[PDB]
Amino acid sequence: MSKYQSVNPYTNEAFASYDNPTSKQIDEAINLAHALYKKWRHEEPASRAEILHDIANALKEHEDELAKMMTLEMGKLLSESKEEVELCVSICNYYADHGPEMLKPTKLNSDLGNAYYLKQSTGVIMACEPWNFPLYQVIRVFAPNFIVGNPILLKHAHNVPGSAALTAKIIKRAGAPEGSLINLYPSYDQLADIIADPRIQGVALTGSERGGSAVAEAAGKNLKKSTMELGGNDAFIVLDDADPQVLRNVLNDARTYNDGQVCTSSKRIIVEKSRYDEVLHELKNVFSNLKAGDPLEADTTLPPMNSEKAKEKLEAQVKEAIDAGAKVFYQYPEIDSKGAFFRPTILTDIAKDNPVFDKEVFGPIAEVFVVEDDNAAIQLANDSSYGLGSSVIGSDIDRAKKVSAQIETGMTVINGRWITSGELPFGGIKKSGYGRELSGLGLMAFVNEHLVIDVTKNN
């Protein structure tokens, strides 16, 4: 029945299962959230800023508990889980400190009358999030919308129900009124019904193309505004003038952070010929020195994939890639464990007709391509159905900026791998989705820009 279950990927053992709610429980949740939305309409955003700061403090206070729950449910290295909490504390403080200020009415220049638009709330938002960054994905949507005054109903990934519940509890106890963030374990059908309720006025999703399509289709059918933060197959472009040290530092985790289970992981490493062998050698150095083990242990640098099912899907993708012509430049040694460990692998010679060429590969799989010049790098970078993030490594900044501009993608980091922060917009184009989260753009995602114009003079 319910697919919501906590299964430790390191021991491959389940430790908790959760049921789908009843129709009554769902209605009660929507009722509470909608009631809160109405109440918030009469309370300034600044009035919630203090509470958001307290939430930031509560997250810090529960950092080790939150990190452990994450690591237990989806295998992330504890160190990375803690970094995620720190990032979330920062995001909460960011919106607590800058949100209300960015919601002040905006004056419009018009000779038609005295005009301006207010930035108002819209209603309850149905947030659907993935298992890869269980806290950050939630906070990315919660923080700004809490300030705006949009209550959130959360449907988290089926495999992080414990982290989802814990997050919601901490936030409520920190001071967020009941209804601010309600965690629910709905079936796909229940989710569809919730989206069809008139009290729901926004749909935000981060996840897979498959899940995205279904949810976005439902939002559309019901004419609800939506934001889609999907996967990516980011081009990591290494120019011939890349600084050897910068390149080395970045390759340390450009593809292996969170075991490569990152939408902005540097999946397609595009190297200009003179640096091809150099990049391959460095990747092999990085990969070969990883250490598999309990993600809760400090010496572990290679965690298991989030689930045995995820490991198996990856094995299938890689096999299909190899059977189509991809070559194995390197593969980590066999790992003796009942855990969902996948061996870091470096693939080369992936042709345009290879099934994996335009497919997002979630896992520790470096995909290296060799190109002749800048134009070829850009052409290959854009020969993609995706467009989330990207990177350009080169010492000549002017050159790097010029190349960056030509990449059809939502974000580009010069001399660094993926990055995220409260002040920076996050989002993509094409199959990677639409809309932006974080920064002022994400803050306005579900805001009603209410135009008010006094035209008394002309009537």
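Residue indices: 1-based, along the sequence shown.
The mean C-alpha temperature factor is higher for 113 to 121 when 113 to 121 and 311 to 319 are set side by side.
When 209 to 217 is weighed against 233 to 241, 209 to 217 comes out higher, by mean CA B-factor as recorded in the entry.
Within the listed group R417, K60, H34, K68, the record reports its top CA B-factor for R417. Per the PDB entry, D336 shows the highest C-alpha temperature factor of the residues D336, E278, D294, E367.
Placement of the Cα temperature factor of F341 within the chain: middle third of the modelled residues, per the deposited record. Among the modelled residues of the chain, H98 sits in the highest third by CA temperature factor in this PDB entry. Compared with the other modelled residues of the chain, the Cα B-factor recorded for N448 ranks in the middle third. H156: CA B factor in the lowest third of modelled residues in this chain (values from the PDB entry). Among the modelled residues of its chain, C263 has a C-alpha B-factor that falls in the highest third according to the deposited record.
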